[PDB]
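**Q** coordinates for the following, if possible.
(10 chains)
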Amino acid sequence: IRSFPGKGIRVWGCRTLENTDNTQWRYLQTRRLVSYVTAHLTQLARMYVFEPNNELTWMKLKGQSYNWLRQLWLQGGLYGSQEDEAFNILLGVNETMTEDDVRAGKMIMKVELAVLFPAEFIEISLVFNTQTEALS
Amino acid sequence: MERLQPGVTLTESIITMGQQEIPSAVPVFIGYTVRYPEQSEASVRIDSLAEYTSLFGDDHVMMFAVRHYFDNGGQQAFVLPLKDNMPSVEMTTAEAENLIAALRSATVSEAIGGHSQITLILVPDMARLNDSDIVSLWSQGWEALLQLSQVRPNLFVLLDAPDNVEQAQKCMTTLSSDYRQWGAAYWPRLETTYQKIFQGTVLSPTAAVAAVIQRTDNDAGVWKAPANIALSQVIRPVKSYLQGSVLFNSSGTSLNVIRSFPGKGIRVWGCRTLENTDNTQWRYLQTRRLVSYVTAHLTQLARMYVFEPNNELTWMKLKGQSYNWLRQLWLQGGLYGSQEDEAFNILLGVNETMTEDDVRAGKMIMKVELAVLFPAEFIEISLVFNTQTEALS
Amino acid sequence: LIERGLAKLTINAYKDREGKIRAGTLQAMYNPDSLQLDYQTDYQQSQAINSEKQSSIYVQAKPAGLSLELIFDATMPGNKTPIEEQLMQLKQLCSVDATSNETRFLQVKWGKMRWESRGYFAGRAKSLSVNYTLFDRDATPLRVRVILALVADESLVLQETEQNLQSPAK
Amino acid sequence: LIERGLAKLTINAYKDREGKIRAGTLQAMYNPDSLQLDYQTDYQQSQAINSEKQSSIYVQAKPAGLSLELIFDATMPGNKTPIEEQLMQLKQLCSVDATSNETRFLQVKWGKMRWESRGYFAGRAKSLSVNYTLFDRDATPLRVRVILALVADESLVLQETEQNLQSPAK
Amino acid sequence: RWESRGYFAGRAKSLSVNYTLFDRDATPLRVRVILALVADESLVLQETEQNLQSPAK
Amino acid sequence: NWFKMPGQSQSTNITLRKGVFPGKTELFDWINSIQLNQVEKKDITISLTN
Amino acid sequence: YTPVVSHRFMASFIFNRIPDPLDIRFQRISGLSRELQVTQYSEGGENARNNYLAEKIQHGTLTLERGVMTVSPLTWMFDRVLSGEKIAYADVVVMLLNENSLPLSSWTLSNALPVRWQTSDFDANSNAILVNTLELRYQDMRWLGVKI
Amino acid sequence: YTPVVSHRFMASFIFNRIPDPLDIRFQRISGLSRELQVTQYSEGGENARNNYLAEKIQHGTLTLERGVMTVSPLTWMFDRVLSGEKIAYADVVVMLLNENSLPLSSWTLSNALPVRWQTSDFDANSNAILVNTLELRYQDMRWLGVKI
Amino acid sequence: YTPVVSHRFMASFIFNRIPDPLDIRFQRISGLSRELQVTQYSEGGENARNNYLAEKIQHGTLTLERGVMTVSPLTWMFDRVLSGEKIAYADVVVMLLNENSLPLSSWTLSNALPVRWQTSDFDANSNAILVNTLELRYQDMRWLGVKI
Amino acid sequence: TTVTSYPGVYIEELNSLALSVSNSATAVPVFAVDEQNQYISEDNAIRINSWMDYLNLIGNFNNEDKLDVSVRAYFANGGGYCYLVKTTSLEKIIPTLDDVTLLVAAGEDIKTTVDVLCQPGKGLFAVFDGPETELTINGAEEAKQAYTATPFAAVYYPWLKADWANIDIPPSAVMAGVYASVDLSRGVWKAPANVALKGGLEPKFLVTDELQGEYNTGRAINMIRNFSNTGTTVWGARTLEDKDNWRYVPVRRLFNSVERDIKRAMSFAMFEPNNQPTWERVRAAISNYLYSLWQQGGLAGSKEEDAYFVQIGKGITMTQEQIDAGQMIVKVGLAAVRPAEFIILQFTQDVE
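**A** Numbering: from 1, shown residues only, chains lettered A, B, ... in the order given. See the structure here:
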């Protein structure tokens, strides 16, 4: 927590306790975003527990969660230039689950999602460029 | 100034400029470097000088050609280094043969012919033998270079002319290669503004012309001639302009000259290939580069349906896609026609170009004819007096 | 390129011309559809008894004028900020500042839109036109169509140093 | 929230600017559809022979202007108050008060509509435009479309204390 | 030819940019400028049109 | 000039008739096999014999 | 569940809170539509999805025709308002009917103003019933019951 | 490959992220169109080929009618918004169906605002089902699956 | 000589100079019209014969519908441009066919911008193929071959 | 896999499964498996229906194994269910296995097996790899004769490299995906060259055109190489034999895709009374298969009588001594399409 003159007392740093061996939950906002999309996909997946587990109720789950993750992506939340670069979900009977996991009564949804970086270091370079003025 | 804590810490490392990626004009610099550290590839792509100096050493003649190429406006380039030793301050005749024998070698011919992105080649190290070389040694280097531009379709060679005027006229006449239209020679060596303003370093001219070939490709296309455009970091041609007025020959082989206009800068003056005009069609540099631009963009259309059934259907998909592209090049001011049947014509049928056995052998024969334009290098004023035809109102 | 999200219009009011004191911000609910910038220059034509040469002299370059419209809403289920809160925030930018006895200096900016080589549009509000429609039966307005009209008042210490790089002394 | 009922437009005429004497009220039959508030500020651009800096000074902030239309009716079976009674009540608010030799000060208010941080719109009537249509054959009018145009005249003891909370002495 | 000149020599009297259709990065993708010029021609050109129209000799 | 060309091929529906038999139920389980969009399409060969 | 048929209906009128049970026989009734008016607002960089803003609700217009019959308190109401005497309101209760002549759902149409009244044309050449295409504009509609 | 038929479909509604599985029986659904608006700009000496400039995308309007049934959470939603109580959004999932009642493709219609609601007319002279032509405006459409 | 029939045709697309040979099966194609716009100028004492002044050429709009099939590189192109991702051009080659499946004449439609895309409506009451009425605006047309 | 106790939602993570979509086609690659692999038993052929079913078998993915990077590049491109057979028992299991249309040398040497396995009577078309070292114009006679000259095999030289793998990726992995992705899209008769490679696959060695001019003649070696316009792509459609009957793989692969679908189209004729009404029921079961193949553009020609012919009958093709031996001899002919390998472009300068 730093004291800037003229600018107040400020929080300086958004880091979790972490030893970075290729870790993905390095910043505080990445851990809180990925736990925000678990706790709002469980609220969508709770709505049709005890449903017939056919091919119909997966397309109502693959459709409602794709429509919410795109709604989070179009708020500037998921680091993508197109929607197939930001996130992806898969639910099919030959993609995520086996034939026994349907018999056991479980759905397996595989949500992958990209996140953003917080811009904590800034590096100025200061190069001189009368080389390329190129005689008008 | 705390460099590990989060904040704004300025660095000395130079990051790259946003490249524009001009596809049809990109050079190689094949020369001796001092470092040679790259161990993965054959010929590597550089973007800036500060990237080059970390990657190929410092203080050599090939660096000042790259440094002058990035000043005139070029933005991407390849460097294929020669693996031998860097020469002395002056080139001995025992060592100058070691360069031209390395230019005929397949070690540098496979790196150019395998990469298929380069559209023109150049040696900035040929002007290193301009002092104490001894005339035919220059022609032995040009015949090596023009042969090197035959390994694959789209290649051109910008090449240095000797500064001595008697040596230039002899190497123009006694060249005698059958591939002369792929080259172009720019005569005087430029005295750039790099040290050793008082004694500026004398430099090859072709490193600056490859940037203005790339610069006129960005805006006015390949069909525009690269002459009459200003050069950035040069003080003067080291030879006078009036001394080289015998280098241009309208009937023989003409050599491009670099002129100094007062108030208007140092300019390239002349867009001619090495050519002896016996009804030749590849006389100007822009005609050779336009017709090789429409081969290397019709092969990209004809590659898309190799291994297709070779019936009457897949010819009309080839006669339609190439007619639609050549018309798109004609409506940019590229092909000299008042109507589209005057500019170009293509034919593909089974009774027009190919025989019945060439379908059985599995080949298509497309016949593309195309007209080109002329560069307006001479202008003739007539000045006639015309109160004869005022005709009493 | 990096991300995909809406940049929204923000109007920052400053008490001074240079941009040092801050008076408050206002982010737009929905962005304007169109932005119209109008420039104008006055030329007077020189009259002379002797000659008939057509030569018009330069008198003055009138400042730029940006004209944007906004809409504010509270009917929809997505938005819950009331329009009394936002229209009080907007009129406090087109307002006579009691510190300096003038109006405040606005800086409209959004995204990568350069307003002819400035990241912001520095200027003050020349007009403002609220058009309330569709009230609730509690008489809270649920739709408001503001039309802003600004005129360019740029800082002087910025314009002092553009003249020096264009025509230097040495 | 608490209840569900129409808030209706009321115009209270005061004889003085501060709002202490009352001159009479008028509640609207049907509310206006739309309310248009128009602000305006005058800026003069400084001309100078030496420099070419674009800098427009501040001259005056013109007062606000509210423009609403009303309708009065007696055709329908629900309403029975005659329009001669209501148009006499409305013209007595846009009227030269014989006590103060000026017009009267109106305060338009309805519901939770803040007119940019005031619960009322204090100002006097600048125009008034009655458009009688659809008379009975007794020549009693049964439809009347008034267009009011007000201009803002706010109290001075309110505006004295907004300057002190914005720029205090200590 | 702009009535016997290859160019239209003059200065800009007005200019009216009308931005429409921004990206959501707020980069504009369509702009409709309206230029209004007024003719300011050179004087050494107009000095010699009078001499060929009404010569001294 | 009265040009005549044959155009579109017209549809074919054949009608083949059979008495019912006490155990054999063969034509019904073909008209019962159809759910919404597809049947198991077969091919018919008719041939005059010895 | 299972849908209902559209040829059992009765419509009774309420003249100044006095019901009118003589006039329930009608040939057809227009079917009651209401619509929320919508202003589309396109904005800014969002040029890939629309954005619709709600507005006031626009109720339909109720037409209902019957064969011309003996004069009734319904006909004396339309003749009173369309001869310029009195502009009065009348509430309409339109209900579906069951098989046992019980109502399924009813629409109450408060303060319906009688707008127009049109008979069919006479013609000597064809045989048809003279009908009374009479059309009235309501200002609110309150659906009531089961099976809407 | 081979085309599909257009008489197996179901449409389910999502009222505030709570699904509505009671209201999947519909007579017809309008078919989903979207259109890129185009401003043609003709210019200069190019008077032999057009030049079209893209603009915002204009989504269609989804109409869907059903026989009138017992009152349901779909009907309580339209009646709530078209009586001026609450302007609320509802997401629609329209899917094709296979022979085994599996979905081929589904269209998710995010934030669809219920615009209008119209019943068929009563008439004593003809026998037909009372239908509910109810039409709602969506602001985005995200196609999902195989066989679009 | 003798005329040709209008029920053999194929249309192939060119996505960024990469041909698309999966999508040649179409139900119908709109037929290609172009029109020279004409300004009539009547003048002076010449009031017995018209005088037409030429103007720019106005090309038609190409509509083409197909049964809805498995998702293809054609469908991924329209979905990419009508979801606001990328405004890209696609060249269309529409050709007639002979009896031996040889092309008679072909129309190359350079830089055709995909404008709209509309499916047929679902309805439970009638049996028909779901079609994809998809319509795209081209900016030049270069007829090529024999028998135009 | 987590055990389930309470009815609800479980938020358990599983990093980097590298998940691919399940695909359905008709091309079934027998994958040769090196003997040092542990999750295979010999004299057994396990079946892999999707990438999740292989990943269920091995547990977790590592880029060291020559098989693990092989089946990822297969399911990234074409998919379809594949049979993982160990090499030392591959000669017993492939004649056992039905649904075998192409035998993939994953990263192993099968040249001794294909000589006894691939026969004219069978229905296989093996594919194996070129050398993993660089080969030049000078070594064109040495590595060309390292393979046999059977017309039932194709060789792809440049081994692949990908960003997700460490060992080089053998090209018969991806070329079984390409054979299964092209047969679904363009049919069997189109050449499996001139198609892109998905999954981020890149060739190890750059190939020139003057290098490929020597490996296309005789015992041809097809090659993949990247171009400026599209990226990496397959650039060969020649089998090993250089006679005009079986020179191109689309000819050999169509005749192999015909026979596997004729012999299941008229498999009803087994143990039927061998007289004349069995024969015309056989010639009609073939003829409206070949007509349905004719209309899709699979055969060359313009009529149905230049396209194919089915001729059976007593004395036409079978003798009387062939009747009481229990033999029905059927003669069927086809006329497939040949691809256009070369396109030459003649550049006149003077337009008439």
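**Q** going forward, measure contacts and count neighbours with C-alpha atoms only.
**A** OK.
**Q** give the buried residues for stretch G:15-29.
**A** G:15, G:20, G:23, G:26-29 (16 or more other CA atoms under 10 Å in any protein chain shown).
**Q** show me which residues of chain G sit near chain I.
**A** G:47-48 (CA under 8 Å from any CA of the partner chain).
**Q** quick check, central residue of chain G?
**A** Nearest to the mean C-alpha position of chain G, counting by CA atoms, centre = their mean, stands residue G:62 at 2.9 Å.
**Q** how about residues contacting stretch J:318-330?
**A** J:274, J:310-312, J:314, J:317 (CA atoms under 8 Å, 6 or more residues apart in numbering or on different chains).
**Q** which of these tops the neighbour count?
**A** The residue in the contacts of stretch J:318-330 with the most neighbours, by other CA atoms under 10 Å in any protein chain shown, is residue J:312 (19 neighbours).
**Q** which of the contacts of stretch J:318-330 lies closest to chain H?
**A** residue J:310 (28.3 Å; CA to the nearest CA).
**Q** quick one: that closest one and chain C, what's the gap?
**A** Using CA to the nearest CA, to the nearest Å, residue J:310 is found at 61 Å from chain C.
**Q** which residues touch the host helix or strand of that residue?
**A** Of the helices and strands defined by DSSP states H and E, residue J:310 is found in strand J:309-311. Residues from elsewhere that reach strand J:309-311, judged by CA under 8 Å, 6+ apart: J:283, J:286-287, J:317, J:330-334.
**Q** check contacts around the residue in chain J sticking out farthest from the centre.
**A** Distance from the centre of chain J peaks at residue J:352, with 49.1 Å (CA atoms, centre = their mean). By CA under 8 Å, 6+ apart, the residues touching residue J:352 are residue B:342.
**Q** over to residue J:256?
**A** J:101, J:123-125.
**Q** enumerate the positions of the host helix or strand of it that are buried.
**A** Assigned by DSSP H and E, residue J:256 belongs to helix J:249-262. Within helix J:249-262, the residues scored as buried using 16+ other CA under 10 Å are J:249-258, J:260.
**Q** just to revisit the earlier point, any chance of the buried residues of stretch G:15-29 in CSV, plus secondary structure?
**A** Listed next are the buried residues of stretch G:15-29 as CSV, based on DSSP: H, G, I helix; E, B strand; the rest coil:
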residue, secondary structure
G:15, coil
G:20, strand
G:23, coil
G:26, coil
G:27, coil
G:28, strand
G:29, strand
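**Q** for chain E, what's its nearest residue on chain G.
**A** residue G:45 (3.7 Å).
**Q** again, but for the stretch 251-352 of chain J
**A** Closest to chain E within the stretch 251-352 of chain J is residue J:351: 34.2 Å, counting by CA to the nearest CA.
**Q** and what about the nearest residue to residue C:36 once chain neighbours are set aside, helix, strand or coil?
**A** Counting by CA to CA, 6 or more residues apart in numbering or on different chains, residue C:36 lies nearest to residue E:18, which is 4.4 Å off, once chain neighbours are set aside. Classification of residue E:18 using three-state DSSP returns strand.
**Q** measure residue G:131 to residue G:67 for me?
**A** Per CA to CA, to the nearest Å, residue G:131 is found 4 Å from residue G:67.
**Q** from the chain's centroid, how far away is the helix holding residue J:256?
**A** In terms of CA atoms, centre = their mean, to the nearest Å, the centre of helix J:249-262 is found 11 Å from the chain centre.
**Q** what residues does chain G have near chain E?
**A** G:44-47.
**Q** redo those residues as a markdown table? Include secondary structure, neighbour count and distance to residue A:2.
**A** Below are the residues of chain G next to chain E laid out as a markdown table (DSSP: H, G, I helix; E, B strand; the rest coil; neighbours: other CA atoms under 10 Å in any protein chain shown; distance: CA to CA, whole Å):
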| residue | secondary structure | neighbour count | distance to residue A:2 |
| --- | --- | --- | --- |
| G:44 | coil | 23 | 39 |
| G:45 | coil | 25 | 38 |
| G:46 | strand | 24 | 39 |
| G:47 | coil | 20 | 43 |
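**Q** from those residues, which is closest to chain J?
**A** residue G:47 (30.6 Å).
**Q** who touches that closest one in this structure?
**A** E:21, E:23, H:55-57, I:84.
**Q** that older thread, in its sheet, what does the following helix or strand past the strand holding residue J:310 sit against?
**A** Remark: after strand J:309-311, the chain's next helix or strand is strand J:331-333, criterion DSSP H and E. According to DSSP bridges, strand J:331-333 forms sheet pairs with strand J:309-311 (antiparallel).
**Q** tell me how far the longest strand seen in chain J lies from the chain's centre.
**A** Identified as the longest strand of chain J according to DSSP state E is strand J:342-348. Strand J:342-348 sits 33 Å away from the centroid of its parent chain (CA atoms, centre = their mean).
**Q** near chain B, anything from it?
**A** Yes. Judged by CA under 8 Å from any CA, strand J:342-348 and chain B are in contact via J:342-348.
**Q** max pairwise distance over the residues of chain G next to chain E: which two?
**A** The span of the residues of chain G next to chain E, defined through CA to CA, is set by G:44 and G:47 at 7.4 Å.
**Q** overlap in contacts of the two?
**A** By CA under 8 Å, 6+ apart, residue G:44 and residue G:47 have these common neighbours: E:21, E:23.
**Q** can you pull up the most central residue in chain C?
**A** Most central in chain C (CA atoms, centre = their mean) works out to residue C:150, at 4.2 Å.
**Q** and that residue, what does it touch?
**A** C:65-67, C:123-127.
**Q** next, residue J:285: secondary structure please.
**A** helix.
**Q** and it, how far is that from residue I:64?
**A** Relative to residue I:64, and taking CA to CA, residue J:285 is found at 37 Å.
**Q** please apply the same query to residue J:215.
**A** On the measure of CA to CA, residue J:215 and residue I:64 end up 46 Å apart.
**Q** same question for residue C:64.
**A** Taking CA to CA as the measure, residue C:64 falls 49 Å from residue I:64.
**Q** could I get the contacts of stretch J:318-330 as CSV with distance to residue F:14?
**A** Shown next, in CSV, are those (distance: CA to CA, whole Å):
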residue, distance to residue F:14
J:274, 30
J:310, 26
J:311, 28
J:312, 28
J:314, 32
J:317, 34
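**Q** count of residues packed around residue J:140?
**A** 15.
**Q** and it, what does it touch?
**A** Residue J:140 neighbours (CA under 8 Å, 6+ apart): J:214-215.
**Q** could you export the helix holding residue J:256 as CSV, CA atoms only?
**A** Taking C-alpha atoms only, helix J:249-262 is exported to CSV below (Å, rounded to 0.1, in the frame of the first residue of the first chain):
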residue,chain,number,x,y,z
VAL,J,249,-4.5,-43.2,-55.6
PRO,J,250,-8.1,-41.9,-56.4
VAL,J,251,-8.3,-44.7,-59.1
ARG,J,252,-7.0,-47.3,-56.7
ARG,J,253,-9.1,-46.0,-53.7
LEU,J,254,-12.3,-45.9,-55.8
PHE,J,255,-12.0,-49.5,-57.0
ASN,J,256,-11.3,-50.5,-53.4
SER,J,257,-14.3,-48.5,-52.2
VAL,J,258,-16.4,-50.0,-55.0
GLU,J,259,-15.6,-53.6,-54.1
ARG,J,260,-16.3,-53.2,-50.4
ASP,J,261,-19.7,-51.8,-51.3
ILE,J,262,-20.6,-54.2,-54.1
